[PDB]
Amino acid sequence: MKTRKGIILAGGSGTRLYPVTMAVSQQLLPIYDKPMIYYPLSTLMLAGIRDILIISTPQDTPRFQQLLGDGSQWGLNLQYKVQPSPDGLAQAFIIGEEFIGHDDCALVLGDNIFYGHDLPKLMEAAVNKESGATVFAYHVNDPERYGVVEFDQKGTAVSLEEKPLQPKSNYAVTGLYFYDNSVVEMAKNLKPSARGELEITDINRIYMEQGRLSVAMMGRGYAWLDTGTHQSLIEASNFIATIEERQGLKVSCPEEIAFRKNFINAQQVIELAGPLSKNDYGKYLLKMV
């Protein structure tokens, strides 16, 4: 079965971005010309995932709901659910248990921005895996902040460590994961770590130990950004602005992606673009069709 369900974890406390996240969800902050959540949303769409559960805080879940609605305007089926407190990424599968049911499911972090040639191609392989799980390894400047994958001399991934003191490599596990149905049972049996969180890295270690984990390499030609600090947030925005100004094309425009994947037709695009044509966003869409 092709993965057809996805969860966007869009909550957290956002303490590092304080005070910008004091009155606005990190996932609603702009990345140049569109809300941050539009990016991970576009990533799932490109992967062919149209049934998506969005999870956020008790305060912000209603806000995403208000901005996105049921997502039928983009040919999607959006559902919402609250995570009482940011107790860990793995909790996404406990909260989303009903939604997931007996199906495979992808997980993408609400602040993750992916961009690059063949990204869709890269995700399809994971989407079509009958069972097991697929995560992606990306070379980053400071491994210590993430789940770090260790490889042997042959290039085989042999272990994963959450925020190691001494990273065994500079390869971090990205915020995009693809799982078969067994992840729900794994999450339910996890016990909090010393830092009191349900670790998704423990989930991934389990798949690895069962020999069911594909650590797909996401090359340097791809861009994987997260907006962890004020600094990285602005760099991400400059990155996006440069590409869009140069190409005259938009990065992660859901309306566009839905149109090109035939989720909606030109008439639907025209209606959505109407209210947005007082600036380039809407004019872009009108021109697109």
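One rule holds for the numbers: they count along the sequence shown, beginning at 1.
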### Query
When the C-alpha temperature factors are averaged for each of 226-234 and 248-256, which stretch ends up with the higher value in the entry?
226-234
### Message
When the Cα temperature factors in the entry are averaged, is it 28-36 or 260-268 that ends up higher?
### Response
260-268
## Note on the structure
Among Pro164, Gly71, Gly219, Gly110, highest Cα B-factor in the entry goes to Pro164
### Message
Among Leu160, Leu119, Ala106, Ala133, where is the Cα B factor highest in this entry?
### Response
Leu160
### Query
Relative to the other modelled residues in the chain, which third contains the C-alpha temperature factor of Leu89: lowest, middle or highest?
middle
### Task
Sorting the chain's modelled residues by C-alpha B-factor, tell me whether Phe151 ends up in the lowest, middle or highest third.
highest
### CA B-factor placement of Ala273, once the chain's modelled residues are sorted into thirds
middle
### Query
With respect to C-alpha B-factor, does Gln83 fall in the lowest, middle or highest third of the chain as deposited?
middle
### Task
Check where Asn128 lands among this chain's C-alpha B-factors and tell me if it's the lowest, middle or highest third.
highest
